[PDB]
């Protein structure tokens, strides 16, 4: 039944709105981890910067040469990680936009599901009554209501044969004599006790 | 519009129901009368008193 699928499909969506949710956690987790590593390396280079900050004074330049020459190796690492961190920022920003747009589309779909289902039951419940009224049409000769009248007519006229109605001749006389019967019996009434 | 439209269907249909219900008793009543008053005259036929095929 199409109605049955409408609830299962939306259920399978819900598994991925959380699955994708978990994926973003891993991505952002790496971004935090990558960020932290950058501080440590620059801190070590920063420490060598303070260490080199204590030699060039009072003419000890030769010592400063070696100290800063060592810092250069650490400096390269800082640059490489710095660019990577900026690049990874776009991905976390971009991926979040997908989730936000998709999440809105979900609840929007959910609302429409009930409305169409509701119209279906109304389009089935109010739909399923009128046919049985067709069996009670009262507008044709294929209904129980009308066929019942035929059965009544069949039965009522069944014994119009068994007991035939009185012929018009007697029907033309009973009233004809009755009028005299009331008046003639009254003829003495209106005269004897006038 | 849908909620207004759907309600009209129910109101019209609901009236048609009780209207059908009232007619059901009337036709059934006429049937029993068309059967009870119907089922007597035949046995009077066995007591016709008008032919030579009766018990009387």
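Every residue, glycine as well, gets a Cβ built from its backbone with ideal geometry; the counts of neighbours run over all protein chains shown. Nothing in this text is a laboratory measurement; each read-out follows from the coordinates by a stated rule.
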Checklist entry - When you look at the Cβ of every residue in A:135-144, what mean number of other chain Cβ atoms sits within 10 Å? => result 1
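How long are the semi-axes of the ellipsoid equivalent to the protein assembly as shown, from square roots of 5 times the Cα gyration tensor eigenvalues, in whole Å, largest first?
Gyration-tensor ellipsoid for the protein assembly as shown: 114, 20, 11 Å.
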Checklist entry - With contacts defined as alpha carbon pairs under 8 Å and 6 or more residues apart, what's the relative contact order of segment A:1-81 in percent? => result 29
Checklist outcome for this item: Computed over segment B:4-56, the distribution of all Cα-Cα distances in 10 Å bins, rounded to whole %, is 21, 21, 19, 14, 11, 8, 5, 1
Next on the checklist: For segment A:1-120, report the % of Cα-Cα distances exceeding 23 Å.
Outcome noted: 60
Checklist entry - Can you work out the base-10 log of I(q)/I(0) for segment A:80-194 at q = 0.16 1/Å, using the Debye formula on its C-alpha atoms alone? => result -0.98
Next on the checklist: Taking the 0 to 90 degree range and rounding to the nearest ten, how far is the long axis of helix B:2-46 tilted relative to the main principal axis of chain B, both from C-alpha atoms?
Outcome noted: 0
Item to check | Share of alpha-carbon pairs per 5 Å distance bin for segment A:93-146, given as whole % | outcome: 4, 16, 11, 10, 9, 9, 7, 7, 6, 5, 4, 4, 3, 2, 1
Next on the checklist: For chain A, what does the helix formula give at 222 nm: sum of -39500 (n - 2.57) over DSSP H segments with n ≥ 4, over the residue count, nearest 500 deg cm²/dmol?
Outcome noted: -32500 deg cm²/dmol
Checklist entry - Helix A:168-192: angle to the longest alpha-carbon principal axis of chain A, degrees 0 to 90, nearest 10? => result 60
Next on the checklist: Can you order the peptides B:7-15, A:63-71, A:30-38 by their average number of other Cβ atoms within 10 Å per residue, highest first?
Outcome noted: A:63-71, A:30-38, B:7-15
Next on the checklist: Let me confirm one metric for peptide B:11-22, namely the mean number of other chain beta-carbon atoms within 10 Å of its residues' beta-carbons.
Outcome noted: 1
Next on the checklist: Restricting to Cα pairs below 8 Å that are 6+ residues apart, what does the relative contact order work out to for chain A? Please round to a whole percent.
Outcome noted: 18
